[PDB]
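Asker: Have a look at the structure that comes next, please.
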Amino acid sequence: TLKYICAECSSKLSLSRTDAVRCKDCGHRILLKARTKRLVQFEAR
Amino acid sequence: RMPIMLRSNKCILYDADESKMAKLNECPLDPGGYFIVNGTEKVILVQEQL
Amino acid sequence: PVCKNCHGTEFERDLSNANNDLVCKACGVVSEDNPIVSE
Amino acid sequence: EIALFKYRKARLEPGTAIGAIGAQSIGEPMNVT
Amino acid sequence: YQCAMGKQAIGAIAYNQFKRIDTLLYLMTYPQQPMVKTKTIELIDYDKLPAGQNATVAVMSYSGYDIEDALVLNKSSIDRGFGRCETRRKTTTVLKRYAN
Amino acid sequence: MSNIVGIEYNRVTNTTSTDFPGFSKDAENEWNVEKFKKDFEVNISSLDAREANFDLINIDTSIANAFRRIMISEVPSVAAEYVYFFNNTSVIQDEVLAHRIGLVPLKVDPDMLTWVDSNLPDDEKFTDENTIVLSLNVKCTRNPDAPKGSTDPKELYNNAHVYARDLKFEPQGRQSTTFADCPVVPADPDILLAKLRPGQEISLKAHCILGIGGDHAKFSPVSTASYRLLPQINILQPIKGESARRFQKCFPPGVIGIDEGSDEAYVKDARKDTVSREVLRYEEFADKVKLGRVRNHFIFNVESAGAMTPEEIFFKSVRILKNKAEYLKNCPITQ
Amino acid sequence: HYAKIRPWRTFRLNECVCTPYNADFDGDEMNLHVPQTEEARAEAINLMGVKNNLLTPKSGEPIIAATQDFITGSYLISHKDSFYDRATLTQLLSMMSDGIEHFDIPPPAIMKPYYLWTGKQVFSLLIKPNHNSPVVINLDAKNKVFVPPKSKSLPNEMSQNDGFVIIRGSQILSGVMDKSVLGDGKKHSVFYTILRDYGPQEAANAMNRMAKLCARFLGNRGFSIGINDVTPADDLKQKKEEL
Amino acid sequence: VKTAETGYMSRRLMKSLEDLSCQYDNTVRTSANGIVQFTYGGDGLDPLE
Amino acid sequence: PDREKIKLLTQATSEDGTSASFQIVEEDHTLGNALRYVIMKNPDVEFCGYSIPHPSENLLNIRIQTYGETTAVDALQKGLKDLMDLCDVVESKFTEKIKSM
Amino acid sequence: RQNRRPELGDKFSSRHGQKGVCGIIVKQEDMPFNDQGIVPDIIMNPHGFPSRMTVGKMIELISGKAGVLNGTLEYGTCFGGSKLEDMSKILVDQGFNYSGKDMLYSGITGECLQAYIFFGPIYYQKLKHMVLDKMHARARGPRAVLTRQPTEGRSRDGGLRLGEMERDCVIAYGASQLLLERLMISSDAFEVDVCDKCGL
Amino acid sequence: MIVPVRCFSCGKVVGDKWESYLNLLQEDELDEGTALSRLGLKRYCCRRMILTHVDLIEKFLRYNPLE
Amino acid sequence: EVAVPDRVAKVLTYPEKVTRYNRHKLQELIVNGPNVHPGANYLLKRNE
Ligand SMILES: [Zn+2]
Ligand SMILES: [Zn+2]
């Protein structure tokens with residue numbers, strides 16, 4: 001999972017859907033999706 | 001509510017020390033002098049007439 | 001909604017080369033050409 | 001031979017829109033202007 | 001001719017450039033300060049975040065592929081990373097509530 | 001003739017070969033391998049690791065150039081080609097540093113592996129003898145010591161600066177018996193690769209394979225391969241008086257010296273002059289010195305990136321040129 | 001034009017036609033069209049093909065020519081102190097084609113000490129490669145500079161420079177090529193004359209042989225500019241400061 | 001000041017003069033079959049050739 | 001064996017083997033400059049040049065033209081056999097100076 | 001997010017007002033090289049400096065090269081700055097030519113070049129207007145609702161305007177068959193039944 | 001950002017020498033021209049890779065979202 | 001001769017009636033499809 005993280009509170013949390021838009025531990029209302037665990041592939045040129 | 005330009009004495013960016021501005025993640029090298037009405041940042045040009 | 005040859009019920013729009021033609025999936029016959037957008 | 005082979009070839013052939021080429025040949029980039 | 005192009009030069013933008021979300025914003029990967037500076041550019045701190053890099057020029061005709069002010073460069077220096085620019089682009093949408 | 005490029009203030013002369021029969025009426029200098037075997041010579045200068053310097057005599061400029069080109073075209077080496085990424089929360093985004101992985105040298109030599117065949121699909125294409133895998137996993141954290149503020153961020157944060165030594169080689173099967181004696185490393189394990197903050201981790205593994213330098217600049221085993229030609233200075237009149245000390249300061253300091261017996265300039269140990277051509281400006285040495293450049297002396301200077309010894313690639317250069325030219329001797333001519 | 005498919009991402013044209021389009025290669029963009037009949041496809045070649053339009057209808061002058069450095073490539077070749085052995089005369093003559101046209105070598109100019117060809121017989125071969133080519137021309141013309149001879153006893157050929165150019169039987173006999181002999185603007189040019197007396201097909205076939213040469217050539221001969229060849233030589237300093 | 005007018009000036013007279021073709025009698029005439037001049041110039045020859 | 005290699009052009013050849021023009025695949029100026037010099041030291045040949053048609057595609061055209069003594073197809077077969085020996089005499093002289101040092 | 005490599009087409013500049021587009025991309029073997037083997041990065045022809053009269057790049061390249069070997073950055077100001085005669089003294093002590101006019105071998109054939117070269121580091125900044133987002137083509141696409149014509153604008157799939165000035169240039173050739181084909185066949189073909197008497 | 005790992009033109013590596021260039025200026029107050037020439041940068045194509053290199057990655061990392 | 005890049009060359013098409021002369025080439029051309037360069041994009045049978 002590792003769901004939405006806040007901007008400067010930086011607290012990992014899993015928001016349940018259609019419920020809120022803010023984060024816990026702070027009233028700040030801009031939050032980022034974290035990077036997946038899934039493998040990705042690149043080249044080297 | 002009065003939309004006010006950056007680096008004016010009424011904004012919080014006035015006389016920062018790149019530590020408050022580090023916490024407010026703004027560039028120290030930014031000139032300032034422009035509005036942030038509803039997203040996009042705009043600036044009023046300097047007009048002249050006769 | 002219905003093709004003329006195979007009577008196909010699903011229509012796919014090709015956006016690859018920006019022709020924007022609408023083609024049935026089964027046999028590949030085009031349903032419409034030269035789209036008319038509302039500018 | 002060639003002095004009238006070039007003269008005869010230089011004769012204006014029919015069908016040329018000589019109005020069109022003349023308009024675009026003239027259009028190109030005390031006192032009087 | 002340069003002052004109309006100087007506004008179109010790619011380089012850095014700001015220190016928070018990995019944080020802002022603007023419409024269509026380019027970056028240069030490896031910028032460098034210029035070799036011959038000016039007293040002007042050290043007053044606006046252009047050198048603190050420059051635009052463009054300085055390469056080794058050999059002014060000459062070569063292979064006829066530079067006739068009037070074309071340029072000729074080598075495959076290796078691009079493969080070493082000669083100015084690999086990068087395009088960042090915003091896109092947005094709004095969830096919208098209806099009357100029902 | 002006299003195989004000397006005549007340089008001057010605005011030109012050079014006769015830079016071509018003029019070494020063929022059919023150039024004059026008397027057709028001399030025909031092809032004879034034994035008359036070349038008497039004349040060809042190799043001088044080796046200061047030779048060591050990582051770098052070489054050696055001389056070649058009495059060769060036309062044609063096949064001297066093809067040696068320089070092949071050493072940075074054809075002789076293969078190994079570098080990263082596909083970087084499989086894991087969780088990576090650095091500020092350096094993904095394809096930037098994955099480009100920087102491939103530009104790091106590797107100490108292991110080719111001919112220990114084989115060419116990869118791209119016609120096969122990418123499940124058995126990466127075999128056990130054409131592909132070796134290396135990886136690194138590092139997570140920056142806070143170092144809980146007691147410095148004061150704004151000091152060096154090497155003891156505030158553990159492993160904040162990553163280096164080439166962090167690339168841990170992970171052996172595949174069937175080859176740990178082969179690479180038991182020789183572990184593989186970057187040629188310079190002190191290269192800065194990225195910087196981190198606590199809360200940011202980098203995890204990936206790479207597939208470095210065998211590729212040719214003419215495809216991409218990762219695979220070139222040489223730093224840079226070049227050659228000079230030996231400068232030659234011919235003095236007409238003996239320079240006497242105060243002009244000789246004026247003649248000395250317009251050179252590199254070691255190339256010519258004053259005779260201490262009589263006041264006359266002579267030539268010291270050569271091969272240390274780059275052509276500054278400063279003697280042409282002063283218009284008082286326009287007849288004293290007629291300097292030139294010999295068209296058969298070659299200061300080969302090569303140095304490796306770290307893959308193998310610099311004398312080996314030079315041995316490998318002339319060997320594969322034969323194999324290049326012997327290959328099409330044994331193929332038919334189709335109309 | 002005819003098309004040719006190449007794997008890059010932009011439009012590539014031969015350089016000598018840039019003078020009609022007055023393009024400058026600085027970010028200008030062109031547009032191409034394609035007809036879609038089987039009749040109008042034949043219409044565009046037989047009237048708007050570039051073989052039919054070497055001459056402008058404004059005056060009748062040859063408009064496509066060598067541009068601002070195809071002259072100076074073909075100028076250093078035709079310089080009077082340009083001498084070549086066979087080994088280099090072979091390589092120069094092999095670069096004006098792709099090793100396809102069969103040539104025959106005229107005897108060299110300097111013969112007793114060694115065999116030396118000049119920088120003009122090589123230019124004579126791009127016009128007439130061999131006896132099987134039907135092209136043979138005759139032309140007298142004046143260069144751009146043309147410092148005059150003694151003007152009453154000496155004719156135009158005996159200039160102080162090479163100056164007045166003479167070709168008889170398609171061999172260079174005097175003169176150099178300095179944009180008044182092979183280039184644009186003047187009527188009495190070389191590429192005008194092969195267009196005049198040998199049709200349009202041989203006119204294009206003789207001048208792209210120059211383009212494939214002067215591109216490959218002078219990047220291997222070398223030419224540059226700097227301070228010492230733009231600076232005053234210190235004798236213009238005391239003369240300008242008083243005059 | 002010139003690039004705007006010249007393309008406009010070379011369009012103005014183009015409109016009044018666009019249809020004049022040579023018939024097979026070596027006589028140029030308008031679209032309505034009316035004579036303008038009997039021969040092009042004094043002799044009727046191609047000016048480009 | 002292979003046939004995607006040296007390949008005589010039928011359009012630009014003589015009726016005999018006196019003049020021909022061959023087309024080398026997958027070889028740049030590294031070979032054509034070397035192969036030009038080993039051929040020109042044959043006293044029989046009069047004309048042997050090379051060129052690249054277009055640098056996007058990858059092929060070389062070598063031109064050969066000689067007198068009526070030997071057919072030119074026999075000359076480069078001697079020619080590209082001849083530098084194979086020249087690669088050896090450099091290799092033999094060099095490797096003995098390495099071991100001696 | 002995407003990045004890209006500077007392949008040909010991309011508009012470069014020179015900071016003294018020279019627009020410039022990448023012509024081709026050579027390999028490193030074909031490039032020339034000095035006595036040390038330094039391979040130059042960008043090539044420009046000498047044919048701009050007499051026309052454009054850009055003396056500044058001719059003296060900046062001297063001001064740049066002597067600063068690198070001295071390890072010091074040099075100031076180029078207006079109405080002053082570092083001069084020339086004190087700058088030539090630096091690199092002549094390093095051993096190069098006294099006005100940067102060096103000489104270097106050819107990478108394609110080996111030997112010397114008959115003229116001398118001019119060499120050094122210059123500051124080439126990349127511009128906007130890259131070519132990956134200007135190439136577009138409209139074969140047969142959307143039509144306008146009022147005119148049945150192609151839609152102006154690349155983001156609206158394009159379809160270029162064969163204007164009135166090109167229409168004069170067609171009939172000056174006297175071609176009369178693609179003139180209808182490029183103006184109603186591929187563009188605006190529409191089939192109308194009309195009555196003979198009371199004609200509309 | 002960070003120093004390029006190789007040179008642009010020749011292509012010997014300079015990644016082990018950015019920290020050594022900084023370490024040769026805190027201690028041993030020295031001229032910059034004689035500093036890296038002592039380190040072994042004979043080619044001036046290599047010398048411009050470190051003179052001109054503004055290192056913005058220090059100023060970027062102070063905007064980390066992890067506090 | 002002008003050079004045309006291939007990524008625009010496999011978009012801009014040109015119609016071509018089949019004949020007994022060009023039947024052999026168009027059979028090999030239509031099996032390429034619209035992915036490799038020397039192929040086709042659309043087709044119209046005279047009954048269609
Ligand atoms: Zn929070
Ligand atoms: Zn009716």
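Numbering starts fresh at 1 for the residues of each chain in the structure tokens, the chains themselves are lettered A, B, ... in the order given, and ligands are numbered from 1 as they appear.
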Within 9 Å of ligand 1, counting only C-alpha atoms and all ligand atoms: which residues, as a PyMOL selection string?
Answerer: chain A and resi 5-12+22-31
Asker: Give the residues of chain F that lie within 7 Å of chain G; count only C-alpha atoms, and format the answer as a PyMOL selection string.
Answerer: chain F and resi 23-25
Asker: Excluding residue B:40 and its own-chain neighbours fewer than 5 positions away, which residues fall within 10 Å of it when counting only C-alpha atoms? Please give them as a PDB file with N, CA and C atoms, in the first residue's frame.
Answerer:
```
ATOM      1  N   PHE B  35       1.491  38.921  -8.699  1.00  0.00           N
ATOM      2  CA  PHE B  35       0.331  38.393  -7.999  1.00  0.00           C
ATOM      3  C   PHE B  35       0.132  36.914  -8.312  1.00  0.00           C
TER       4      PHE B  35
ATOM      5  N   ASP E  22       4.109  23.827 -12.678  1.00  0.00           N
ATOM      6  CA  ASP E  22       3.756  24.822 -13.679  1.00  0.00           C
ATOM      7  C   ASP E  22       3.450  24.148 -15.011  1.00  0.00           C
ATOM      8  N   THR E  23       2.953  24.956 -15.951  1.00  0.00           N
ATOM      9  CA  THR E  23       2.223  24.424 -17.098  1.00  0.00           C
ATOM     10  C   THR E  23       3.126  23.601 -18.011  1.00  0.00           C
TER      11      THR E  23
END
```
Asker: Give as a PyMOL selection string the residues surrounding ligand 2 up to a distance of 9 Å, considering only C-alpha atoms and all ligand atoms.
Answerer: chain J and resi 194-200
Asker: Would you list the contacts of stretch 32-48 of chain I as a ChimeraX atom specification, taking every protein, DNA or RNA residue within 6 Å and counting only C-alpha atoms, but skipping same-chain residues closer than 6 positions in sequence?
Answerer: /F:20-21,30-31,62-63 /G:90 /I:63-66,79
Asker: Quick one: write out the picked residues with N, CA and C atoms as an mmCIF file, in the first residue's frame?
Answerer:
```cif
data_model
loop_
_atom_site.group_PDB
_atom_site.id
_atom_site.type_symbol
_atom_site.label_atom_id
_atom_site.label_comp_id
_atom_site.auth_asym_id
_atom_site.auth_seq_id
_atom_site.Cartn_x
_atom_site.Cartn_y
_atom_site.Cartn_z
ATOM 1 N N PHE F 20 54.652 6.204 -53.670
ATOM 2 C CA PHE F 20 54.081 5.198 -54.548
ATOM 3 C C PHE F 20 54.836 5.142 -55.868
ATOM 4 N N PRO F 21 54.919 3.964 -56.481
ATOM 5 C CA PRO F 21 55.438 3.880 -57.849
ATOM 6 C C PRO F 21 54.445 4.462 -58.844
ATOM 7 N N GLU F 30 58.712 0.600 -54.618
ATOM 8 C CA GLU F 30 57.685 -0.405 -54.831
ATOM 9 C C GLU F 30 57.463 -1.197 -53.543
ATOM 10 N N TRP F 31 56.447 -2.055 -53.553
ATOM 11 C CA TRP F 31 56.097 -2.789 -52.347
ATOM 12 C C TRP F 31 57.026 -3.984 -52.175
ATOM 13 N N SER F 62 48.502 6.932 -43.527
ATOM 14 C CA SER F 62 47.218 6.283 -43.776
ATOM 15 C C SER F 62 46.898 5.245 -42.704
ATOM 16 N N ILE F 63 47.752 4.226 -42.564
ATOM 17 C CA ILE F 63 47.462 3.144 -41.624
ATOM 18 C C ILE F 63 47.844 3.489 -40.195
ATOM 19 N N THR G 90 43.709 10.891 -57.811
ATOM 20 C CA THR G 90 42.766 9.778 -57.775
ATOM 21 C C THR G 90 41.700 9.997 -56.709
ATOM 22 N N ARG I 63 36.585 2.065 -55.622
ATOM 23 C CA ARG I 63 36.762 2.101 -57.066
ATOM 24 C C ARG I 63 38.140 1.556 -57.412
ATOM 25 N N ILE I 64 38.212 0.762 -58.476
ATOM 26 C CA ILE I 64 39.474 0.196 -58.937
ATOM 27 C C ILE I 64 39.556 0.335 -60.450
ATOM 28 N N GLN I 65 40.733 0.721 -60.938
ATOM 29 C CA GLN I 65 40.931 0.961 -62.365
ATOM 30 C C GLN I 65 42.416 0.848 -62.666
ATOM 31 N N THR I 66 42.777 -0.037 -63.593
ATOM 32 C CA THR I 66 44.171 -0.363 -63.852
ATOM 33 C C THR I 66 44.384 -0.445 -65.358
ATOM 34 N N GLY I 79 45.689 -7.070 -53.350
ATOM 35 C CA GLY I 79 45.835 -5.902 -52.495
ATOM 36 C C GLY I 79 45.407 -6.164 -51.063
#
```
Asker: Which neighbours of residue K:18 fall inside 10 Å, counting only C-alpha atoms, when residues of the same chain fewer than 6 positions from it are skipped, and could you give them as a ChimeraX atom specification?
Answerer: /F:191-192 /K:2-5,24,36,49-50,53,55
Asker: I need the residues from that last selection saved to file as a PDB file, in the first residue's frame (with N, CA and C atoms), if you can.
Answerer:
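Okay, this is what ended up in out08.pdb:
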```pdb
ATOM      1  N   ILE F 191      34.304   7.675  -7.227  1.00  0.00           N
ATOM      2  CA  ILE F 191      33.467   8.589  -7.995  1.00  0.00           C
ATOM      3  C   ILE F 191      32.213   8.920  -7.199  1.00  0.00           C
ATOM      4  N   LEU F 192      31.916  10.211  -7.069  1.00  0.00           N
ATOM      5  CA  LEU F 192      30.637  10.617  -6.503  1.00  0.00           C
ATOM      6  C   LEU F 192      29.512  10.254  -7.464  1.00  0.00           C
TER       7      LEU F 192
ATOM      8  N   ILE K   2      25.084  17.528  -9.627  1.00  0.00           N
ATOM      9  CA  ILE K   2      26.347  16.873  -9.313  1.00  0.00           C
ATOM     10  C   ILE K   2      27.290  16.963 -10.508  1.00  0.00           C
ATOM     11  N   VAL K   3      28.564  16.693 -10.250  1.00  0.00           N
ATOM     12  CA  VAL K   3      29.591  16.798 -11.294  1.00  0.00           C
ATOM     13  C   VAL K   3      29.367  15.711 -12.338  1.00  0.00           C
ATOM     14  N   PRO K   4      29.535  16.006 -13.627  1.00  0.00           N
ATOM     15  CA  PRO K   4      29.495  14.941 -14.635  1.00  0.00           C
ATOM     16  C   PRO K   4      30.634  13.951 -14.437  1.00  0.00           C
ATOM     17  N   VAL K   5      30.337  12.674 -14.680  1.00  0.00           N
ATOM     18  CA  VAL K   5      31.266  11.614 -14.301  1.00  0.00           C
ATOM     19  C   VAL K   5      32.467  11.585 -15.241  1.00  0.00           C
ATOM     20  N   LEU K  24      41.049  20.593  -1.349  1.00  0.00           N
ATOM     21  CA  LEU K  24      42.243  21.373  -1.641  1.00  0.00           C
ATOM     22  C   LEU K  24      41.999  22.877  -1.587  1.00  0.00           C
ATOM     23  N   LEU K  36      44.369  21.994  -9.367  1.00  0.00           N
ATOM     24  CA  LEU K  36      43.955  20.826 -10.133  1.00  0.00           C
ATOM     25  C   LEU K  36      45.027  20.347 -11.104  1.00  0.00           C
ATOM     26  N   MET K  49      35.604  21.374 -16.876  1.00  0.00           N
ATOM     27  CA  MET K  49      34.525  20.586 -16.293  1.00  0.00           C
ATOM     28  C   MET K  49      34.334  20.876 -14.811  1.00  0.00           C
ATOM     29  N   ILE K  50      35.346  21.430 -14.146  1.00  0.00           N
ATOM     30  CA  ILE K  50      35.274  21.690 -12.718  1.00  0.00           C
ATOM     31  C   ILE K  50      35.269  23.184 -12.403  1.00  0.00           C
ATOM     32  N   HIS K  53      31.566  24.374 -13.092  1.00  0.00           N
ATOM     33  CA  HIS K  53      30.505  23.529 -12.551  1.00  0.00           C
ATOM     34  C   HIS K  53      29.949  24.196 -11.301  1.00  0.00           C
ATOM     35  N   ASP K  55      27.400  23.843  -8.420  1.00  0.00           N
ATOM     36  CA  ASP K  55      26.907  22.633  -7.766  1.00  0.00           C
ATOM     37  C   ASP K  55      25.599  22.972  -7.055  1.00  0.00           C
TER      38      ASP K  55
END
```
Asker: Report as a short mmCIF file (atom, residue, chain, number, x, y, z; two decimals) with N, CA, C and O atoms, in the first residue's frame the set of chain K residues whose atoms approach chain A to within 9 Å, with distances computed over only C-alpha atoms.
Answerer:
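Output (result-v8.cif):
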```cif
data_model
loop_
_atom_site.label_atom_id
_atom_site.label_comp_id
_atom_site.auth_asym_id
_atom_site.auth_seq_id
_atom_site.Cartn_x
_atom_site.Cartn_y
_atom_site.Cartn_z
N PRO K 65 11.17 16.88 1.37
CA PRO K 65 9.85 16.76 1.99
C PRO K 65 9.83 15.89 3.24
O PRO K 65 8.75 15.66 3.79
N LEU K 66 10.99 15.42 3.71
CA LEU K 66 11.06 14.47 4.80
C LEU K 66 11.44 15.12 6.13
O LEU K 66 11.48 14.42 7.15
N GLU K 67 11.72 16.42 6.13
CA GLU K 67 12.06 17.17 7.33
C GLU K 67 13.26 16.56 8.07
O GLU K 67 13.10 15.76 8.98
#
```
Asker: Quick one: of E:8, E:74, E:38, E:93, who's nearest to chain K, counting only C-alpha atoms?
Answerer: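 Nearest to chain K: E:74.
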Asker: Pick out each residue of stretch 2-194 of chain J that DSSP on the backbone tags as helix (DSSP H, G or I); I need them as a PyMOL selection string.
Answerer: chain J and resi 46-52+55-69+85-94+131-133+164-173+178-185
Asker: List the spatial neighbours of residue G:19 as a list in words - criterion: any atom at most 10 Å away, only C-alpha atoms, same-chain residues fewer than 2 positions off excluded.
Answerer: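 The residues satisfying every condition are residues 15, 16, 17, 21, 22, 23, 24, 63, 64, 65, 66, 67 and 184 of chain G.
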Asker: Just want the 12 Å neighbourhood of residue D:7, counted on only C-alpha atoms, with same-chain residues fewer than 5 positions away dropped. Output as number ranges by chain.
Answerer: D: 1-2, 12; H: 43-47, 49
Asker: Please save N, CA, C and O atoms of the selected residues as a PDB file, in the first residue's frame.
Answerer:
```pdb
ATOM      1  N   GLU D   1      23.433  27.119 -88.296  1.00  0.00           N
ATOM      2  CA  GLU D   1      22.440  26.107 -87.954  1.00  0.00           C
ATOM      3  C   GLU D   1      21.911  26.317 -86.541  1.00  0.00           C
ATOM      4  O   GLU D   1      20.698  26.417 -86.330  1.00  0.00           O
ATOM      5  N   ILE D   2      22.815  26.385 -85.559  1.00  0.00           N
ATOM      6  CA  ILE D   2      22.405  26.588 -84.176  1.00  0.00           C
ATOM      7  C   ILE D   2      21.967  28.023 -83.925  1.00  0.00           C
ATOM      8  O   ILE D   2      21.221  28.281 -82.973  1.00  0.00           O
ATOM      9  N   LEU D  12       7.954  32.428 -78.729  1.00  0.00           N
ATOM     10  CA  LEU D  12       7.044  32.232 -77.610  1.00  0.00           C
ATOM     11  C   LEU D  12       5.999  31.182 -77.967  1.00  0.00           C
ATOM     12  O   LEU D  12       5.229  31.360 -78.918  1.00  0.00           O
TER      13      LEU D  12
ATOM     14  N   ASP H  43       8.142  41.281 -81.493  1.00  0.00           N
ATOM     15  CA  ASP H  43       8.347  40.087 -82.306  1.00  0.00           C
ATOM     16  C   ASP H  43       7.638  38.840 -81.800  1.00  0.00           C
ATOM     17  O   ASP H  43       7.464  37.900 -82.587  1.00  0.00           O
ATOM     18  N   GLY H  44       7.222  38.786 -80.536  1.00  0.00           N
ATOM     19  CA  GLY H  44       6.597  37.586 -80.016  1.00  0.00           C
ATOM     20  C   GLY H  44       7.558  36.433 -79.802  1.00  0.00           C
ATOM     21  O   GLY H  44       7.489  35.429 -80.517  1.00  0.00           O
ATOM     22  N   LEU H  45       8.458  36.556 -78.828  1.00  0.00           N
ATOM     23  CA  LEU H  45       9.346  35.464 -78.457  1.00  0.00           C
ATOM     24  C   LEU H  45       9.384  35.321 -76.941  1.00  0.00           C
ATOM     25  O   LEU H  45       9.037  36.242 -76.199  1.00  0.00           O
ATOM     26  N   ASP H  46       9.810  34.145 -76.495  1.00  0.00           N
ATOM     27  CA  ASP H  46       9.851  33.836 -75.068  1.00  0.00           C
ATOM     28  C   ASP H  46      10.907  34.691 -74.380  1.00  0.00           C
ATOM     29  O   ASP H  46      12.087  34.620 -74.751  1.00  0.00           O
ATOM     30  N   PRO H  47      10.542  35.507 -73.387  1.00  0.00           N
ATOM     31  CA  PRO H  47      11.549  36.353 -72.725  1.00  0.00           C
ATOM     32  C   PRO H  47      12.510  35.590 -71.830  1.00  0.00           C
ATOM     33  O   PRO H  47      13.617  36.085 -71.583  1.00  0.00           O
ATOM     34  N   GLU H  49      13.736  32.466 -72.508  1.00  0.00           N
ATOM     35  CA  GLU H  49      14.629  31.655 -73.335  1.00  0.00           C
ATOM     36  C   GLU H  49      15.435  32.559 -74.270  1.00  0.00           C
ATOM     37  O   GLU H  49      15.366  32.473 -75.496  1.00  0.00           O
TER      38      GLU H  49
END
```
Asker: Tell me, in Å to one decimal, how far atom CA of residue F:66 is from atom CA of residue J:107.
Answerer: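 That distance, rounded to one decimal, is 9.5 Å.
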Asker: When the cut-off is 9 Å and we count only C-alpha atoms, which residues of chain E are near chain A, given as number ranges by chain?
Answerer: E: 79-81
Asker: How far is it from atom CA of residue F:89 to atom CA of residue F:170, in Å with one decimal?
Answerer: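 One can read the atom CA of residue F:89 to atom CA of residue F:170 distance as 23.0 Å.
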Asker: Figure out the distance between atom CA of residue C:19 and atom CA of residue J:141, please, to one decimal in Å.
Answerer: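 Between these atoms lies a distance of 4.5 Å.
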